[PDB]
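Have a look below at one chain only, the form solved without the named molecule, in structure tokens format.
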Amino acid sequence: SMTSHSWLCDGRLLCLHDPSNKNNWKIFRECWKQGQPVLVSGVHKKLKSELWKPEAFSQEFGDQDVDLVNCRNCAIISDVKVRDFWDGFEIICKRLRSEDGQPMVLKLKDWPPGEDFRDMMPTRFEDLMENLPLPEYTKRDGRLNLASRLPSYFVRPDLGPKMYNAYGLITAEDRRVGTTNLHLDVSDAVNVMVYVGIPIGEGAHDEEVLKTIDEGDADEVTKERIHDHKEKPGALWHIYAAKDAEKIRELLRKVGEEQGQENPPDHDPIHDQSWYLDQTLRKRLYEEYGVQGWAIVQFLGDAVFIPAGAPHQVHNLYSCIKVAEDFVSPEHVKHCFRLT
């Protein structure tokens, strides 16, 4: 039967089932006030699916110049055509190759660039902004979004949305690397999975995806979304409570020292955005510092709500298109204040 919601992460994560229900705030707001992330499923069924295909992005924008990152080693590939990224999104035999002759796992850096999403893609902007869940929080002018209402004493978010495009990580060695490294934002954000590309050529790659989710510490109910409902998994997230940020900084200073980095005792490993917490570092964070996170698998059409100040990292299981919007909820406005 259809239900308002369910629980993931053994009861620690709210999952709302109906992205447009006017009642969602009645369940959403107690979880949000406690500093928890929230998941909303089914946003893909509200969107115009033809606007979110990699082939259309290549056809319409393919001649623009961009940089890419190699996700395996962080090397920058400077000044290539955006079609060189899109045409390899799902077809492995079209991907740029590293010197070892392997196809590369690539991330498209800063595209569309800065605040230009709305100007470059006005029909995509309309389709997304009209279908965001919890609209009193997430719309630029929503009644519970203080972004446009705050003085300079607060760090205000840039005009969004922002698009995040990257290939899926593939091998056993790829399990220890991030698509986006551990970091925190001073605003709240909603991140929507608008497209998941399951590739072909090296197509039969279903089992390393399961071992990644398993080793990622995903709950049994999350694993049933694959096996029972056949939904498409895009990305594995780890998110940590804002209150646990300094304990995470202490772990990464200790590990940085063990690994022979030479770092002043006050430097900020989270702001550096240079770490991915693999199975080993997550277990150590738990055992030695008493810190537990939320392991979240974001499927096609899932919206992930990330609280201000919450450290988080992202690991693409397949090729993903994500679109994110920043907002300032009254619950978390303390995290963007410029004094004390």
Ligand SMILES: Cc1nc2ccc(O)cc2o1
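The first residue of the sequence shown is number 1, and the count goes up from there.
Only in words, not in the display: the form solved in complex with the named molecule, which the text now covers.
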message: Only one of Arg124, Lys232, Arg72, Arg175 gets a heavy atom within 4.5 Å of the named molecule in the deposited complex. Which one?
response: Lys232
task: Could you work out which of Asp119, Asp158, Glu262, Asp206 is the residue within 4.5 angstroms of the named molecule in the deposited complex, going by heavy atoms?
output: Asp206
query: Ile198 near the named molecule in the deposited complex, any heavy atom under 4.5 Å?
result: yes
- prompt: Can you say which of 222-230, 138-146, 124-132, 80-88 gets within 4.5 Å of the named molecule in the deposited complex, counting heavy atoms only?
  reply: 222-230
